[PDB]
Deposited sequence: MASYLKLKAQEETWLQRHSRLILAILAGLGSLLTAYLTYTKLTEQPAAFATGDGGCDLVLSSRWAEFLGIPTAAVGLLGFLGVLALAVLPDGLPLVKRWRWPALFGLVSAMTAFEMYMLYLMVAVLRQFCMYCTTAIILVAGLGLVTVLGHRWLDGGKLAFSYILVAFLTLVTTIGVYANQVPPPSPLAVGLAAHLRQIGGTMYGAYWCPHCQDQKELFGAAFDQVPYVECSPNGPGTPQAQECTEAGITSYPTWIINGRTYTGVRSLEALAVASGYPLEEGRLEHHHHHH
């Protein structure tokens, strides 16, 4: 009933899953729109390293605390440190779940498995030790609060302010009607979006499939003959795929002056 063996098994699986995604990211390989959108977005990097690598430190941390024999400072600190680390991992994961449901409007199976593994860690840590109550409910909010504040703070400080070029080009494309045709699940459309940053709000955009993947595309895009995403229509011309700000400036007739 009281066991940390399950913690080693769940943290073992977690360490493996999150290390594959770290290997996947660093070797530039794709993992199995779906995960492609999720794992290639901003948010998939945290403090200059992959977000999975942060999960690697956590999953290996809980594994180490479970494996070590009761050695200096272990028996005393093992179980309060397990509650601290796992609570931070549950809190981070709820923000990860929030991003998928609310902001990315999609899911990834590797990411979903991590949530269930971390939720499993949360249940076993609560039901595998005796701390006789109101302390744990309070210690959870404290760790969660500190986790969320730091996490949200890191991601807010992450995305840089848009360049003058991004702000100017967007407003110019807005004036000439330079429209981008794409999808919200579309990973390449996210790449294009991230080149403008916050300045993308100005950019005229048509959502080609509001219903999602596997559903017939919207009328507006079908009338324009859009076959793949993203697709730009600028001054009668058609450009397929992700284009740099420099290339979109040339296409729009936006002056790139360096003299």
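Residues of the deposited sequence lacking C-alpha coordinates fall in the stretches 1 to 16, 49 to 53, 92, 155, 283 to 291, numbered from 1.
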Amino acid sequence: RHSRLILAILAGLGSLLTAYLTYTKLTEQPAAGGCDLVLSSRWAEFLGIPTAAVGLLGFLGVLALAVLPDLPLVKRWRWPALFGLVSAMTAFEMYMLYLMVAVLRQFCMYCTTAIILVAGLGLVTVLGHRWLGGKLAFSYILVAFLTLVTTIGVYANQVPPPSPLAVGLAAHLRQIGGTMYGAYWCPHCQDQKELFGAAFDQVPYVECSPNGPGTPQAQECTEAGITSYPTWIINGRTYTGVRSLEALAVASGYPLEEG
From here on, numbers count along this sequence of modelled residues.
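In this entry, the higher average B-factor at the C-alpha atoms falls on 216 to 224, of the pair 216 to 224 and 46 to 54. If you average the C-alpha B-factors over 174 to 182 and over 75 to 83, the higher value belongs to 75 to 83. Residue-level temperature factors show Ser41 in the lowest third of its chain, judged at the C-alpha atom. Among the modelled residues of the chain, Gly133 sits in the highest third by CA temperature factor in this PDB entry.
The PDB entry assigns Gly197 a C-alpha temperature factor belonging to the lowest third of its chain's modelled residues.
Ranked against the other modelled residues of its chain, the C-alpha B-factor of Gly253 as given in the entry falls in the lowest third. Annotation for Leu60: CA B-factor lies in the middle third of the chain's modelled residues.
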